[PDB]
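If you scroll down you'll find the structure; I have some questions about it.
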Amino acid sequence: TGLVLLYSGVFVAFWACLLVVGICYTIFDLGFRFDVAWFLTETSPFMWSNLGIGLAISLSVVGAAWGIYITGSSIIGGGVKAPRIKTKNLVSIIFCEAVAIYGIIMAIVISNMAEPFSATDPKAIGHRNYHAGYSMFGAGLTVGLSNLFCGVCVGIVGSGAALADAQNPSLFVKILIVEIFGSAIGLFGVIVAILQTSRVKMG
Amino acid sequence: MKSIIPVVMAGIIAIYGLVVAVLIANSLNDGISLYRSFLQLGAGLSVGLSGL
Amino acid sequence: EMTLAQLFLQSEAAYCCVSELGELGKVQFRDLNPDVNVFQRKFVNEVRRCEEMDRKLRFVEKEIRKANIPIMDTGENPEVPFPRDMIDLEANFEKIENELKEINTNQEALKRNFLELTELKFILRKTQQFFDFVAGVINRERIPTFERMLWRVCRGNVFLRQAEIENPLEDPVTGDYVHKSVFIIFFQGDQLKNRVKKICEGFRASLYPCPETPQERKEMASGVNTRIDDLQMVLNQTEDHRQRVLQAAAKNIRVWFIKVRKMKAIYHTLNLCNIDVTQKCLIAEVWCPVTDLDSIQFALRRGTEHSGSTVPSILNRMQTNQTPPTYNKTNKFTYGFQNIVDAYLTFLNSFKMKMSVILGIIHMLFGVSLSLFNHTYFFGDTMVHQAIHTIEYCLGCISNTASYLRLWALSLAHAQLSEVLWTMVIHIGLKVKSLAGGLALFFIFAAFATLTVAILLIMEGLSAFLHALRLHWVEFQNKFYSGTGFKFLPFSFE
Amino acid sequence: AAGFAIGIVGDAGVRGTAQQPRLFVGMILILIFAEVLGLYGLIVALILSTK
Amino acid sequence: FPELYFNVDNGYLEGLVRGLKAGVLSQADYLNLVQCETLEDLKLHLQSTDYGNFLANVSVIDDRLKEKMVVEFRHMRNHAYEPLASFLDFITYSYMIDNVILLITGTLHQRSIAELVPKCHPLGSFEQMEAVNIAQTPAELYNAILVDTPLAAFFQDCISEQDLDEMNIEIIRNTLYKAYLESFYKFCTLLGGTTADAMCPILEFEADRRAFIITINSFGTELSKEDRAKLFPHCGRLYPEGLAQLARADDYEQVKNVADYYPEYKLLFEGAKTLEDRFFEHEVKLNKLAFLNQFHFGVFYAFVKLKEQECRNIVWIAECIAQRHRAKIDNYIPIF
């Protein structure tokens, strides 16, 4: 592997700096200089909030587009000898496209609750406002990344069902139940996402 | 039964770590000095990593 | 303390001496003609004769179980059969062999004869009932799809008669115990005969010739009636002839095993004789204990009398440079314990470590002192060898005495988990306020009964037992034992 | 570590016991030595959490 | 983890070779071809299957069948990018080795390159690397031409001066096949995951056929026990121990008891169907098992070794029909 040596050469190196930077903050006295409080407070509540709206739709469709091309190559691959697959097995495309709907439904919801203010001090920016910031990041993270994983889930099973239906016509309606449990995780993403943004209000 | 002698000598490496681990855990106390603690950290790395 | 002391034979006493010598079990016959193939060992023609009776015995022990006959044992070490009796055995062994091989092929042809004639007999009644060309038999499960195909490809028609036979019959492999049905293929055309015979084989129907004329059907029905009952007579008469010689074999095969198996064993040692040289007398170069030199010689004097030979055999003594194989007591509750070695909180920490280290030094002291008594019992390369001898003892005993420190620390592992186990037994189960004394203590005391033995006695027990072997093998047998070894392997019975 | 040590020889043991029944007593020996590593972690976890 | 990729590059070609698996004649397809009685009726039933209209224009059944599996194999190699195009090149090396030994014979006996086109397998062919077409030089100035061919790295155990009649014609095929099986195992070990547990069991048994069939025919021959030792591929299950006891064999039962140490290769020595008809049914049992796994490259090599069984079986049906000896017609390999 050539290009994998770059990421595995940086991740070991960056962790090796942060290890020895870590045993040189404690060992002198300089743990007061670390300040995870100053990192979460002084930056913004908007950098977390606006990233979460972006990661809500974008990381869902990067699983939805991932789910399409895995089984879309297997539709046209088996479709050469068995052309009857092109009508029945398009629901495998839909279940790896309805995951993108779960993002865009959520992404409008999280953007509906973001509102500006005038404060610039982390004591003026109250805990009602900072909690509104991270909750958009967390709910945008769990509707984006979980939809990525259920997007690749139904796509891989969709590629296998396109190959199994090429050999036998009666099989595809039996393997379709596997794609339901794969696409059920997309349903499990949005229930968390609205619940993390239920009690949230900015201002 | 003749070929169990390599895997038991790897078992000596485990109890070599277990001997040191109960020594460092029993010398632990609230408010030990910094010279006391750094001696125990290099004691744990020496038996463990050479045992690795 | 063995000797390769020579022993002479005379070939009139080559069986009856060796057999009573093999009825003792203290002898270690050694082959001293290795420059020869596996054949031409003086007796290859006769050991195959024992092997042919062995092949007949391994075959007759299989067929005695398929008829499910109880086997007599009467367990005792019998008398080994002489070569005088050997030729009389193959008359008796092959009599049982040829009769039972013939019968199982004859009864299967007779059973095939019995089912075919009964299948032909049942179609004679049903068709003469319907009467008052092809006739054949087909099973009930395939008859509606048969007439659907018969109407299809014949397509003029054949007037099919449907009539089901009674209680199920069986053709031997197809079909096993099914009630079938007859049919009638008249059609009068003699061209569609080809177009129905393919269908009769395609549906796997069994067809038989019917006489087709009136009162000859009942004539052949009377004929097959007398033929079947005579066939029914001889079928069971072969069967009562069968079981009367199975139980005659059942009183035989158990002792008949150890007749020839003892003969095949001693004849294999008759292949192991000296060099097959130049006269009608033999030599044997065996390993023998000095404590048993007299008892094997009186047994050798016993063996020459059992053949009736007038000349006793002798026993020469000598000395050479070869392996002295080991021999000892071999006691019963000493057999398994010998075979294992033949395979090869702060105050307690300071005290139990040093006393165990001196105990390992004491175990190494008793081991290294045994090397001096073993050495008393009997330059450039000597320097590099004794350097490897000495300094591997130097750094080696450190790793030995470090592995003596575990047997206190494993007891510290024994102590801590027993309290946690103990804690569950004394705390989660018994400290329940309302519903304790019934279902709550019962599942926890069962965990105190069953779950502690698998964890503290099974796996912790076997590991320390495997550790104690390592304390014996690499830490105690490395001081005096040379570890070369050579076993005795006496000429046994079974 | 005990989970890694079990999987390698547990796979190697069941690939061999289909080929020879003699290994089935020797397979359970090496699996015990792959299990006591997890037991050594437990008894030091208990002695570190009581204090 | 190595399965959510591999459909970037080999998505379409994987579904293609699964579609060509359905064109394999099944068990019910085999039964109707036994019922044939002439070659014209053999032409009629094959028109019902996927082969149809291939005899529109008994030894012509040999060529017109195997020419179909060449163009089907050549069409698959035209679309594999880089993770697979070298892998399909490894399947052709078994046919290039059988071609090149056929070529050094006419080179040694001064029989020119005019016999090359009609008398070689089209799978491993020489229609590129045009230096080999011109070479008539007697096997020493041709080995310098031979290294401009992907069989060059397998000739590192072939000394050029050892080629000139000191080695037998058959011996140089097996030590080239020995060099071929070590490389294709190591190449399939560099690839990991699903193509390393569905393919390497096939290559272990294929190296163990070359363990047994060598020593069972090396009895009356005057090749010593050190010659058959280095003609064994050091690849399969028999490597550290079974290769040692096969050298000292000298007898048919002495190769049987060394196969009795493995329960897979015993119960296959009960042919006592012959031995190679029992090794063939286990081989197609392994190639059928490779069709279970999905995201791996072993589905292509399992297709070719089964497609050569398809061209083998139809000819054996045809040879029992044309010679009218269909009492042994049921001795084919029913792969599906």
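Think of it as A, B, C, D and E in the order they're written, each chain with its own count starting at 1.
By our rule, a contact is a pair of C-beta atoms (placed from the backbone, for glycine too) under 8 Å apart; a residue touches a chain by one contact, two chains touch by 3 or more.
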item: Fewest touching-chain hops separating subunit A from subunit D; value: 2
item: Separation of mean Cα positions, subunit E and subunit D [Å, integer]; value: 42
item: Centre-of-Cα separation between subunit E and subunit A, whole angstrom; value: 48
item: Cα-centroid distance, subunit A relative to subunit C, in whole angstrom; value: 63
item: Multi-chain contact sites of subunit D, meaning residues that touch two or more partners; value: 29, 33, 36, 40, 43, 47
item: Multi-partner residues of subunit E (at least 2 other chains); value: none
item: Junction residues of subunit C - those touching two or more other chains; value: 412-413, 463, 466
item: Chain pairs that touch, as defined at the top of this document; value: A-E, B-C, B-D, C-D, D-E
item: Subunit D to subunit B touching residues, read off their complex; value: 26, 29-30, 33, 36-37, 40, 43-44, 47-48, 51
item: Subunit E - residues contacting subunit D, complex; value: 261-264
item: Subunit E-touching residues of subunit D, taken from the complex the two chains share; value: 18-19
item: Subunit A partner contacts - residues on subunit E that touch it in the complex; value: 3-4, 7-8, 11-16, 18-23, 294
item: Touching residues (chain side subunit C, partner subunit B) in the complex; value: 343-346, 349, 399, 402-403, 405-406, 409-410, 412-413, 463, 466-467, 470, 473-474
